[PDB]
Each structure stands twice: as C-alpha cells, then as structure tokens.
Protein chains: 2
Amino acid sequence: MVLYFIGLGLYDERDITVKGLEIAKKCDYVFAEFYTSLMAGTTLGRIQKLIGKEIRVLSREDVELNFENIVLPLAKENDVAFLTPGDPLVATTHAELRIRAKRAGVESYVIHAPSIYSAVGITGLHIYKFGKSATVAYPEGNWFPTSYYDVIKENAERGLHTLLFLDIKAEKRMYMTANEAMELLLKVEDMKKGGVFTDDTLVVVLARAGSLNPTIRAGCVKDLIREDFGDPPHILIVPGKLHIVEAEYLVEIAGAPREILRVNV
Amino acid sequence: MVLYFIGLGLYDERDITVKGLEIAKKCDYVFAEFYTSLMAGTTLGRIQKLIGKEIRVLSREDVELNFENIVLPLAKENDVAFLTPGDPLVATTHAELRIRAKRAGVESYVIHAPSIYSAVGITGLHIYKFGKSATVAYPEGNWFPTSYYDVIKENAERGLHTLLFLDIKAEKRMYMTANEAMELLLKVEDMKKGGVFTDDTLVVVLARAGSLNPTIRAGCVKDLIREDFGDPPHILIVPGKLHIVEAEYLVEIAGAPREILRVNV
Ligand SMILES: Nc1ncnc2c1ncn2[C@@H]1O[C@H](CSCC[C@H](N)C(=O)O)[C@@H](O)[C@H]1O
C-alpha cells in the first residue's frame with residue numbers, strides 16, 4: 001500500500017540513485033512520465049531492462065486528470081513506483097500528486113535524483129547566487145509569453161543569476177534550443193526595451209547535463225545565438241554580477257572570451 | 001589521465017547514482033571530503049564497503065591548498081575519483097578545482113547526484129520561487145554577521161523563498177539546529193527591526209532530506225522554535241507569499257497550521 005516517487009536523473013538510466021534502483025526493482029507496478037523533461041541519453045527499454053520491470057508510460061493528461069484513477073488504485077494494495085526525469089518534484093506540479101495520494105489513503109515516499117537545478121553548478125556560477133527561476137515558453141497563436149523577461153530583469157538588478165528552463169512539447173517531440181530562447185528574448189527586448197537582453201548580454205548555455213561531455217558555453221548573445229550546442233535538452237542562463245572566479249571558470253572551461261575576466265565592480 | 005568529480009547524494013551510502021558508483025569502482029584511487037557537509041545517514045565504512053575501494057579522506061586545507069599536490073599527480077597516470085556529499089561543484093569553491101585540473105593537463109568529468117538545492121522541493125515549495133540562498137553563521141567574539149537576514153528580506157520582499165543552510169563544524173561534528181537558527185534570527189531581528197523574522201513568521205524545516213523518512217515541518221517561529229526535528233542535518237526555509245497549492249501541501253503533508261491557507265497566501 002505504498003507509492004514511490006522516484007527520480008531518474010539528468011541524462012541516462014544510470015543517473016538514478018542506488019536507493020532508487022533497489023526500491024524500484026522491488027515494486028509491484030511501475031509507472032512513469034517523460035513529458036516534463038528529456039533524458040537524451042537513454043530509452044524506455046534501457047530503463048526497463050535496468051529495473052527489470054515493464055514500465056507503463058503515462059501522458060500529461062493521464063497524470064494531471066487521471067493519476068488517482070490509474071496509479072493510486074494499485075498503490076492501495078501494492079508497492080507502486082512513479083518514475084520521472086531529473087528530480088520528481090522539481091519544476092513540475094508533481095508535489096500536488098502527494099496530496100492526492102494522501103487523500104486516497106496512500107502513503108508516498110520520495111527518492112530524489114540529480115536535477116538540472118543543482119547541475120547548473122557545472123557552469124562555474126555560484127549556485128547560491130541564482131535568483132528567481134523562469135521558463136521560456138513557445139508563443140502559441142496570438143499569445144506571446146513574456147514574464148520570464150521580467151524575472152531576468154528583477155534578478156539582474158540584484159546582481160543575481162537567472163536559470164531559464166526551456167519549453168518542451170513532448171507529444172510533438174519539440175525541445176526548445178538555447179538558440180530559440182535567445183531569439184524569443186531578443187524579440188521581447190525589442191518590445192519592452194528595458195535593456196535587459198541584448199546582443200551584448202553575456203549568457204551561458206548548458207546542454208545535456210548528466211552526460212559525460214555536456215556542452216558548456218558562455219559569451220555574448222550575438223556570438224552564441226547561431227552556434228550549435230548539440231542535441232536537446234538545453235537550459236539558458238543569464239548571469240548577474242560575476243565574481244572573479246566565476247569569470248575565470250567561464251573562460252577556462254566554457255570558452256568565454258578572455259574579455260569577461262575584467263569584471264566591473 | 002582522468003579525474004572524476006562524483007557526488008555522493010543527500011543522506012546515506014545509497015544516495016550515490018548508479019553511474020557514480022560504477023565509475024568509482026573503476027578508479028585506481030578514490031578521495032573524498034566531508035568538511036562541506038556530512039552524510040549523516042551513513043559512515044565512511046559503509047561508503048567504502050559499497051564502493052569496494054579504500055577512501056582517502058581529505059581535509060579542507062588538503063583540498064583548498066594542495067589539491068594539485070595530492071589528487072592531480074595521481075590523476076595524470078590513473079583514473080581518480082573525488083567524492084563529495086550532495087552534487088559536485090555545488091560548494092562554492094569546488095568549480096575552481098576543475099580549473100586546476102585543466103592547468104595540470106588532467107581531464108575531468110562531473111557525475112551528478114541529488115543536492116539539497118533541488119531536494120527541498122519535497123517541502124512543496126515551488127523551486128522557481130526560491131531566490132538568493134545564504135548560510136546562517138554563528139556569531140563569535142566581536143563578529144556578529146547578519147547578511148543572511150538581508151537575504152531573507154530581499155527575497156520575501158519580492159515574493160521569493162529563502163533557502164538557509166545552517167552553520168556546521170564538520171571536524172568537531174557540531175551541527176547548528178533549526179531551533180538554534182531561529183533563536184539567532186529572532187535576535188538579529190531585535191537588532192535591525194526590519195520586520196523580517198518574528199514569532200509569527202512562517203518557516204519550514206527540512207531534516208534528513210534523502211532518507212525515506214525525512215522530517216518536514218511548517219508553522220510560526222514561536223511554535224516551532226522549541227519543537228524537536230530529530231537528528232541533523234537541518235535546513236531552514238523562510239517562504240515568501242505562498243501559492244495556494246504550496247500552502248495546501250504544507251498543511252496536508254507537513255502538518256502546517258490550517259491558518260496559512262488564509263494568512264500566508
Ligand atoms: N540534462 C539536462 N540538460 C539541460 N537542460 C535540462 C536537462 N534536464 C532538464 N533540463 C531543462 O529543464 C526543462 C524540464 S523542467 C523539469 C526538470 C526536472 N524535474 C529536473 O529535476 O531536472 C527542460 O525543458 C530543459 O530546459
């Protein structure tokens with residue numbers, strides 16, 4: 001009579017924690033969703049093979065509208081696991097699912113996994129210096145989202161870094177590239193003219209964190225906007241005021257122009 | 001010729017990822033540090049037994065002053081692993097270690113693991129709403145640091161949550177409790193009187209994140225300041241204004257008082 005929320009990590013099936021694997025291996029039923037993020041280095045088959053169980057993949061609709069009809073029923077009489085990319089409760093609405101489990105008289109436990117939220121550390125930017133986070137969403141029809149632009153503005157004024165999750169439309173197999181995010185932001189700048197995101201703005205790109213050779217790049221928008229960062233997923237970061245050691249790392253590791261070594265203070 | 005920065009995860013020896021464990025087992029030399037944090041749910045012996053390699057523990061000075069004379073020389077002719085609690089490169093000064101490896105002609109790769117930065121998502125607080133983070137340091141002598149108080153102020157002012165790490169003396173294995181952190185903040189409030197941290201302020205306490213049975217509590221400072229949250233480590237969070245969904249999770253999962261559904265939303 002237990003439900004396990006288990007994260008699978010950043011890139012492939014091996015990013016799951018040992019705790020998560022051992023517990024998953026012993027669950028009666030295993031469910032999972034792969035719409036909240038992209039695990040570019042694995043396949044359902046490899047995950048199933050590793051866990052030694054069949055995995056019933058659920059759609060966003062299955063989860064958001066039918067979690068209590070598809071998963072909870074079995075958790076009332078068995079040990080059930082629900083797998084997700086990265087950490088199960090990060091930048092998702094999955095936390096609320098625990099309230100649903102509770103209301104159904106089902107106990108739930110959470111097994112964390114590496115998340116893009118902490119993986120940003122590989123960019124050299126001090127993680128405590130990150131401010132509010134946001135998501136660059138694809139415009140649809142006449143609706144053109146722009147709130148994420150205001151988040152960068154608010155953080156930048158405080159000298160804080162901004163983590164930008166990029167949009168994803170799993171059913172259409174669409175994964176926003178850092179390039180597309182930069183294009184959208186330049187358009188918002190043209191509209192708002194707040195001097196928040198321009199061709200000279202320094203940005204950082206982290207692609208396929210979790211893999212052994214992720215792409216880590218830093219530089220002016222004008223120079224990176226047309227660069228190929230490899231396959232998704234990508235995240236975009238707009239740093240705030242940099243510490244000298246952050247700049248050094250960006251230059252030495254992310255190939256940023258030596259020019260940024262000269263921090264204004 | 002290769003140095004692997006491997007995260008050990010949140011709480012015990014099983015919090016390392018399958019990737020991290022398999023890679024560690026293949027290394028000729030394995031180093032680790034426990035001064036930035038400790039794995040309170042396990043021991044060096046259990047970690048060593050799991051990895052099946054003797055682990056040479058390094059102190060803060062060993063790392064910060066002599067990383068290149070202790071770790072890097074061996075990494076030039078062998079596969080070397082450097083284990084740290086949580087996610088590698090989260091601790092402020094670790095990213096710089098990759099620069100030292102580069103300068104030494106040594107390749108380095110990062111193997112992520114769960115970090116408290118993302119694990120706090122288990123409190124039900126939306127990850128994107130966290131602002132700048134800080135550490136609550138013990139006053140001492142004529143030194144009474146209060147910057148962490150200003151961090152809370154600036155975040156809450158913008159409706160953002162504040163993640164507060166509590167002071168730790170690794171060597172002496174002396175943890176700051178959430179209770180202690182609260183008393184300190186109340187004392188800082190009585191000095192700056194900015195109306196930031198009072199007896200009525202809503203706070204969240206997360207203890208032993210990573211374990212299957214963590215302690216998640218929420219309520220006013222006056223009612224939690226004397227409560228027993230169990231064994232360390234403890235993490236303190238001062239939430240900004242709550243999303244109704246956040247509040248509902250805190251009430252249903254963390255036993256928060258029903259009143260936050262109207263008082264803090
Ligand atoms: N390995 C990875 N590399 C780069 N970006 C990633 C990533 N994994 C997730 N993301 C980013 O985050 C978005 C999904 S948000 C959900 C995040 C997940 N719970 C976690 O803990 O990581 C993606 O669209 C992408 O922009």
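Just the heavy atoms: all of them, side chains too, but no hydrogens, waters or symmetry mates, feed the values below. Throughout, a chain's letter reflects where its sequence line sits, starting with A, and its residues are numbered from 1.
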Nearest-0.5 Å distance, NE2 of residue A:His112 to CG of residue B:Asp15: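 So the gap between those two atoms works out to 9.0 Å.
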Nearest 0.5 Å, what's the OG-NZ distance between B:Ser133 and A:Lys129?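 Here the rounded value is 13.0 Å.
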Top contributor to chain B contacts, counting heavy-atom pairs under 4.5 Å, from [options]:
options                              : answer
A:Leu89, A:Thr92, A:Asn213, A:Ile127 : A:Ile127
A:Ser118, A:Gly121, A:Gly9           : A:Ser118
A:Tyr249, A:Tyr109, A:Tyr4           : A:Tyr249
A:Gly7, A:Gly131, A:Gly20, A:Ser108  : A:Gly131
A:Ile253, A:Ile16, A:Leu50, A:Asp12  : A:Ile16
A:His161, A:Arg158, A:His243         : A:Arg158

Measure distances from [X] to the heavy atoms of chain B and classify the residue's part below 4.5 Å as side chain, backbone, both or neither.
X        : answer
A:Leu125 : neither
A:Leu10  : side chain
A:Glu248 : both
A:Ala119 : both
A:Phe130 : backbone
A:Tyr128 : both

Shortest non-hydrogen contact from A:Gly124 to B:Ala95? CA-CB, 4.0 Å
Please check if the side chain of B:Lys19 supplies one atom and the backbone of A:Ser211 the other of a donor-acceptor pair under 3.5 Å.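 Here the side-chain-to-backbone pair does not exist.
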With distance as the sole test, does B:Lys132 use its side chain to make a donor-acceptor pair with the main-chain N or O of A:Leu160 at under 3.5 Å? no
N-O pairing of B:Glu22 and A:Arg14 below 4.0 Å: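 Yes, B:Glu22 and A:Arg14 are salt-bridged.
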Is A:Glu252 salt-bridged to B:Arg103, cutoff N-O under 4.0 Å? yes
Side chain from CB out, backbone as N, CA, C, O: work out which of these in [X] comes under 4.5 Å of a heavy atom of chain A, or both, or neither.
X        : value
B:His126 : neither
B:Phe5   : neither
B:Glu154 : both
B:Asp87  : side chain

Could you have a look at B:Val245, B:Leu163, B:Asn155, B:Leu21 and say which one has the most heavy-atom pairs with chain A under 4.5 angstrom?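 Between B:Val245, B:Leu163, B:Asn155, B:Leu21, the count favours B:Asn155.
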Can you tell which of B:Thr93, B:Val110, B:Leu212 has the highest number of heavy-atom pairs within less than 4.5 Å of chain A? B:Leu212
Taking C-beta and beyond as the side chain, do A:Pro114 and B:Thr17 meet within less than 4.5 Å on heavy atoms? yes
Kindly check if the number of other-residue, nucleotide or ligand heavy atoms within 6.0 Å of NZ (A:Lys53) is above 12? yes
Look at atom CD1 of A:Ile244 and say whether more than 12 heavy atoms of other residues, nucleotides or ligands are closer to it than 6.0 Å. no
